[PDB]
Ligand SMILES: Cc1cc(/C=C/C#N)cc(C)c1Oc1nc(NC2CCN(Cc3ccc(S(N)(=O)=O)cc3)CC2)nc2ccsc12
Ligand SMILES: [Mg+2]
């Protein structure tokens, strides 16, 4: 006998104040009972379960299931109830590596650790809660009662405890063999390196000698897989990666279900196919829970789909990461709040691509969106590669300087250079800091009746120009913007505008270049046409000249 | 200190489960080195999967030091930790601290690692050194001793601290010494020579009781509520008078007695904004009467320790930042301005992060707690970058302002 080290036990508890499960065993056919007795007799011989007396008061139901041509019975212990009552664990497997962050490992071996799994002992004080009962033949004897000594498949803690147990065992080997990578996926242990085949096989043998310290035997996986690894929806090739085939279905009838999967395929594709767009196709799912409502496609969704098929016609691939080279992120504006990007180290050899869609909001501008895209890519790049990339952005250095020095919020984007890739991001208007000498002064105001929704908007100027327009189905806030719009429409290329509307000032000072409000949009269009605009605010109802005059004109 | 002081969470609350945010490779490497040494020294231990809790960590560099330092963001744990009435009913916040000519900040967080943490509470201090690209499970640890930045540490250690200082306090009755979290604030009214000597005398005294060698120096003499000032001009345009009436109208929300009728009278008509308007005698008197009102303090301003402090900040351009601290609107307890922030002439976010730390430090000296910030920045920009410039062992709370306030003009 070669002494072997025990696998350290994880202590486990039920949730506070909860007892173990007490679920009644279902009646089973004589055939199923016979099958369960043989399965459990074998499991008991292997140490996985033990027979228990009748003093244990807990129970979980057991079932017997089959397969189509697989003609033997399967045991199923349904731990749903125990799982509800078991403490939460650190689930150490939630996120998966992005392929573009992996580094080349010429040699990879796949080891089966399915057998090692059963060397992980279940906390002895918790085993009582896993009891189950094989009903007896004709219910004429006491049922055969067992409990688990190993991690039950289907029990809440098994994945996290199995994973944490293997990691701890593997830790000294990884630490002392920095030239190999080790990654576990369920029962598969992937061991890679960039060594010559002979040296690689030696590291594998050394790893097996290491795992034997705990009595773990780990043969190579059955039917060794030729590249590429089909994993988590990717194709991992030795020198490249891509997504698995993106096939867009052809259809004359699209439902809410069809479009959801189309976006999902498109979204998945966007990590390597540059320029994917999903705005128009997403707008068709705004609010609806019926998944078979056939939603017709707009001509804009049709164009977007056709543009994606052109992008998807041919496979593309990403490269793996070289830490000795720079990391570069390039962004392009696509329109309608959509942005795409590429991250690469060498020109034309993308590590990955991606996209960014404008946030939901009433007003926004391209510089803010570009900034948001940069922060998103920054955080993604820290996740994947542990560093911020150098940015190439379609915005002139002078435009950025003007923006951040004048904008009322603090803002920052990390090291970047301008790339002349139209359409360029620009500032569409800039308000004056001081009143303009020689420019006409428009005092604007609007008001509306809260009940009738009747309103007025207008202006008076220092030249005696005046206008009041009666309005229907409006609001105070709307009449105040309308007044500003009229002053812009009716003035020359330079204009001073005086408003008492804190609301309108707050919208315009936010420097939107686009809005969900057609009125704001029309104001933006007017501002773009001016040479100089000074916008001044005064408090309402204080007797300020000009403002008092127009206020009375629009208040009935 | 073999005995541990029992600690519990608040009733009906579980431990924190805060996601670890992604870290750069150099910060991960720094944390691995730091935590390996802390583990060798017994300060922390590896934990297993039966511990589901988590608190974020990151890596920083203190004021002008090149060594990486570990910072745990215990904000969630601190609000889930029982309220502490540590050795008494409370430390009456020393109102004389803010009056000393000079206040020196001494990092004494090292003292905490000599006191063991209650064994049943340790699991709640769990944290993770993350992996890059999810390529390995994070490195999981929990504390075995009082952690820096945790609310319980100063309270559980306060008995020991008062004794370590008593001999120094005995000989120096005129020096105010205040502890907030990991920091000691040492105030006196003598020249830096004798002040620094006293400070270096205090750290030597501390070194014989079981350090850091670093310090910060403040001058709370100057902190007040800055007056509202009005322009003094020989010729006023229409625009000038409109800005003045707007500012006075804002001030009338703070001060009683402010009038604008005679100033508004000057604008009778529909005049060009750049037209020069002579002040009447009535308007001059009204302006003078407003100036006199604004020389006096605001009515009914008092600190209520049961309410949050709120700090607002405005970007004024050219490296200048104005801020106000209050509990109720228009009842400012303190206002101020910052300029030429050091080492960030081209980085707004670094400047804002430095202003937040300076304002928090002033708040600790004056009231013994940190304010809730209203930050003029988009959430995603702030949360991507602020840890890059953070140098304090505490972290305040903050919220984001997305609509530009008109008040920026009035503090201009
Ligand atoms: C090692 C490993 C394997 C898989 C596969 C699952 C499946 N199904 C997944 C992950 C996350 C792995 O984990 C890491 N993988 C890498 N790099 C990779 C290694 C594999 N190659 C692809 C490849 C290479 C050689 C052959 S070959 N010629 O042997 O047939 C076939 C395929 C790309 C880079 N780096 C790290 C670092 C820390 S973990 C980890
Ligand atoms: Mg009005």
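Chains as they are written, first to last, in this note's numbering: chain A, 17 to 572; chain B, 1276 to 1687.
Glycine included, each C-beta is placed from N, C-alpha and C at the ideal position.
Are the C-beta of residue i and some C-beta of chain A separated by less than 9 Å?
{"i": "residue 1482 (chain B)", "result": "no"}
{"i": "residue 1404 (chain B)", "result": "no"}
{"i": "residue 1623 (chain B)", "result": "yes"}
{"i": "residue 1334 (chain B)", "result": "no"}
{"i": "residue 1412 (chain B)", "result": "yes"}
{"i": "residue 1330 (chain B)", "result": "no"}
{"i": "residue 1671 (chain B)", "result": "no"}
{"i": "residue 1517 (chain B)", "result": "yes"}
{"i": "residue 1308 (chain B)", "result": "no"}
Any Cβ of chain B within less than 9 Å of the Cβ of residue i?
{"i": "residue 554 (chain A)", "result": "yes"}
{"i": "residue 456 (chain A)", "result": "yes"}
{"i": "residue 333 (chain A)", "result": "no"}
{"i": "residue 477 (chain A)", "result": "yes"}
{"i": "residue 176 (chain A)", "result": "yes"}
{"i": "residue 180 (chain A)", "result": "yes"}
{"i": "residue 573 (chain A)", "result": "Residue 573 (chain A) is absent from the model: chain A starts at 17 and stops at 572."}
{"i": "residue 265 (chain A)", "result": "no"}
{"i": "residue 108 (chain A)", "result": "yes"}
{"i": "residue 103 (chain A)", "result": "yes"}
{"i": "residue 521 (chain A)", "result": "yes"}
{"i": "residue 114 (chain A)", "result": "yes"}
{"i": "residue 353 (chain A)", "result": "no"}
At what residues does the alpha helix (DSSP H) containing residue i begin and finish?
{"i": "residue 1429 (chain B)", "result": "1427 to 1446"}
{"i": "residue 506 (chain A)", "result": "492 to 506"}
{"i": "residue 135 (chain A)", "result": "That residue, residue 135 (chain A), is in no alpha helix (DSSP H); it is neither H nor E in DSSP."}
{"i": "residue 521 (chain A)", "result": "518 to 525"}
{"i": "residue 96 (chain A)", "result": "96 to 101"}
{"i": "residue 322 (chain A)", "result": "315 to 328"}
{"i": "residue 481 (chain A)", "result": "Residue 481 (chain A) -> no alpha helix (DSSP H), and no H or E assigned at all."}
{"i": "residue 215 (chain A)", "result": "213 to 227"}
How would you call residue i, buried or exposed, if buried means at least 16 neighbouring beta carbons within 10 angstroms?
{"i": "residue 1389 (chain B)", "result": "exposed"}
{"i": "residue 306 (chain A)", "result": "exposed"}
{"i": "residue 472 (chain A)", "result": "buried"}
{"i": "residue 78 (chain A)", "result": "buried"}
{"i": "residue 275 (chain A)", "result": "buried"}
{"i": "residue 310 (chain A)", "result": "exposed"}
{"i": "residue 1605 (chain B)", "result": "exposed"}
{"i": "residue 1710 (chain B)", "result": "Chain B is shown from 1276 up to 1687; residue 1710 (chain B) falls before or after that span and cannot be answered."}
{"i": "residue 239 (chain A)", "result": "exposed"}
{"i": "residue 346 (chain A)", "result": "buried"}
{"i": "residue 136 (chain A)", "result": "buried"}
{"i": "residue 1614 (chain B)", "result": "exposed"}
What are the boundary residues of the beta strand (DSSP E) that residue i is part of?
{"i": "residue 1530 (chain B)", "result": "It is not in any beta strand (DSSP E) - residue 1530 (chain B) carries neither H nor E in the DSSP assignment."}
{"i": "residue 1599 (chain B)", "result": "1595 to 1601"}
{"i": "residue 355 (chain A)", "result": "354 to 362"}
{"i": "residue 1377 (chain B)", "result": "1377 to 1382"}
{"i": "residue 639 (chain A)", "result": "Past the boundaries of the shown model lies residue 639 (chain A); chain A is included only from 17 to 572, so the question cannot be answered."}
{"i": "residue 1705 (chain B)", "result": "The displayed coordinates of chain B run from 1276 to 1687. Any statement about residue 1705 (chain B) would go beyond what the structure contains."}
field: Chain-ordered residues, beta carbon under 5 Å from a heavy atom of ligand 1
entry: A:113, A:118, A:121, A:124, A:197, A:199, A:206, A:208, A:243, A:245, A:247, A:252, A:254, B:1410
query: Are three or more beta carbon pairs between the stretch 1430 to 1443 of chain B and the stretch 1327 to 1341 of chain B nearer than 8 Å?
result: no
- prompt: Around ligand 2, what residues have a beta-carbon under 6 Å from a heavy atom of it, in chain order?
  reply: A:461, A:463, A:516, A:556, A:567
message: Would the stretch 542 to 550 of chain A count as touching the stretch 1518 to 1528 of chain B if we require 3 or more Cβ pairs under 8 Å?
response: no
task: Please determine if the stretch 147 to 165 of chain A and the stretch 234 to 254 of chain A are in contact, where contact requires at least 3 C-beta pairs separated by less than 8 Å.
output: no
task: Check whether the stretch 462 to 477 of chain A touches the stretch 434 to 449 of chain A, taking contact to mean three or more Cβ pairs, one atom from each stretch, closer than 8 Å.
output: no
query: Touch check for the stretch 321 to 338 of chain A and the stretch 387 to 398 of chain A: three-plus C-beta pairs under 8 Å?
result: no
task: Evaluate the contact criterion for the stretch 1411 to 1418 of chain B versus the stretch 562 to 572 of chain A: three or more CB pairs, one atom per stretch, below 8 Å.
output: no
query: Is it a yes or a no for the stretch 1291 to 1309 of chain B touching the stretch 1567 to 1576 of chain B, going by three-plus beta-carbon pairs under 8 Å?
result: no
- request: Mind the definition here: the stretch 100 to 110 of chain A touches the stretch 172 to 192 of chain A only if three or more C-beta pairs lie below 8 Å; say whether that holds.
  value: yes
message: Counting only Cβ-Cβ distances shorter than 8 Å, please list the residues of the stretch 369 to 398 of chain A near chain E, keeping chain order.
response: Among the protein chains of the structure shown, namely A and B, there is no chain E.
message: Is it the case that the stretch 119 to 126 of chain A contacts the stretch 360 to 374 of chain A, given that we only count it when at least three CB pairs across the two stretches are under 8 Å?
response: no
message: Can you confirm whether the stretch 391 to 406 of chain A touches the stretch 1645 to 1661 of chain B when touching is taken to mean that 3 or more C-beta pairs between the two stretches lie within less than 8 Å?
response: yes
- request: Count the C-beta pairs between the stretch 492 to 505 of chain A and the stretch 1303 to 1318 of chain B that are closer than 8 Å, then say yes if the count reaches three, no if not.
  value: no
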